[PDB]
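Chemist: Experimental structure and sequence below.
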Amino acid sequence: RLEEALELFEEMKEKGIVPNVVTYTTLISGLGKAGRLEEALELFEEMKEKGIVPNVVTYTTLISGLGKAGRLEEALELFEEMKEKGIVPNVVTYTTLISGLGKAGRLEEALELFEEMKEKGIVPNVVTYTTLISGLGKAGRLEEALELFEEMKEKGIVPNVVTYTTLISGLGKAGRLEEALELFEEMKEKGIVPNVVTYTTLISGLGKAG
């Protein structure tokens, strides 16, 4: 009921009443999910200016939408600022961040973020994983992409088609046909349908040998 809440908020302000950090955090959350970013920004400015101290939720909602927007430098600004004010970031902040840093080809920083997130005792997820592995493979760092795949399984996370297609394509280009094979089999074991790219690269390598 976000539009009603807003009407109420305007009526509140009009009769000269002080907004509370809670009314602000909920408004920023609703505006953020509603995908209407900039409005959530105006509200962040009223909030900072009126001296209200934001929670971890205002920061996470903003950085999530900021990342999807592709406004990485700003999202980062926030992330750092939040860190200063002692607000300890959750899994989503990190995920949106590394997802954006990967989409931005700023890999090693995304790496550092992952190591930091693990250091702060945060739990990486299937999104943080598939994104980091796809990032490593896309940059030709196949070896690491592998290690990370393995450790991702080691934590019981089930990869999806992307991590597979990317690794198999890389292994196929690389000439490590045997592993690309066991991996093809393993990815069938889990019942997922392979991609056209996997098939063609596989037949191409399988063909060029034996």
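Modeler: Structure's in. What do you need? Numbers count the residues shown, from 1 in each chain.
Chemist: Going along the chain, name the helices of the protein.
Modeler: 2-14, 21-33, 37-49, 56-69, 72-84, 91-103, 107-119, 126-138, 142-153, 161-174, 177-189, 196-208 (DSSP state H).
Chemist: Could you provide the ones you listed in TSV, with additional columns for mean neighbour count?
Modeler: (C-beta placed from N, C-alpha, C; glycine too.) As requested, the helices of the chain are exported to TSV (neighbours: other CB atoms under 10 Å):
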stretch	mean neighbour count
helix 2-14	12
helix 21-33	18
helix 37-49	15
helix 56-69	21
helix 72-84	15
helix 91-103	22
helix 107-119	16
helix 126-138	22
helix 142-153	16
helix 161-174	20
helix 177-189	14
helix 196-208	14
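Chemist: Relative to residue 144, how far out is the residue nearest to residue 171 when sequence neighbours are not counted?
Modeler: Of all residues not flanking residue 171 in the chain, residue 180 sits nearest, at 3.8 Å (CB to CB, 6 or more residues apart in numbering). For residue 180, the distance to residue 144 (CB to CB, to the nearest Å) stands at 17 Å.
Chemist: what do you get for residue 8?
Modeler: Where residue 144 is concerned, residue 8 sits at a distance of 52 Å (CB to CB).
Chemist: how about the CA coordinates for stretch 123-130, as PDB?
Modeler: Taking C-alpha atoms only, stretch 123-130 is exported to PDB below (Å, rounded to 0.1, in the frame of the first residue of the first chain):
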ATOM      1  CA  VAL A 123      27.600 -16.500   3.300                       C
ATOM      2  CA  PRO A 124      28.000 -16.400  -0.400                       C
ATOM      3  CA  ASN A 125      25.100 -17.700  -2.500                       C
ATOM      4  CA  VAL A 126      24.300 -19.300  -5.900                       C
ATOM      5  CA  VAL A 127      24.100 -15.800  -7.400                       C
ATOM      6  CA  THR A 128      27.400 -14.600  -5.900                       C
ATOM      7  CA  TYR A 129      28.900 -17.800  -7.100                       C
ATOM      8  CA  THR A 130      27.600 -18.200 -10.600                       C
END
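Chemist: what comes into contact with it?
Modeler: Contact with stretch 123-130 is made by 91, 94-95, 98-99, 114, 117-118, 132, 148, 152, 155, 157-160, 162-163, as judged by CB atoms under 8 Å, 6 or more residues apart in numbering.
Chemist: Was I right to think the residue nearest to residue 171 contacts residue 205?
Modeler: Yes. If you go by CB atoms under 8 Å, residue 180 and residue 205 touch, sitting 7.1 Å apart.
Chemist: Name the residues contacting each of those two.
Modeler: Common contact partners of residue 180 and residue 205 (CB under 8 Å, 6+ apart): residue 172.
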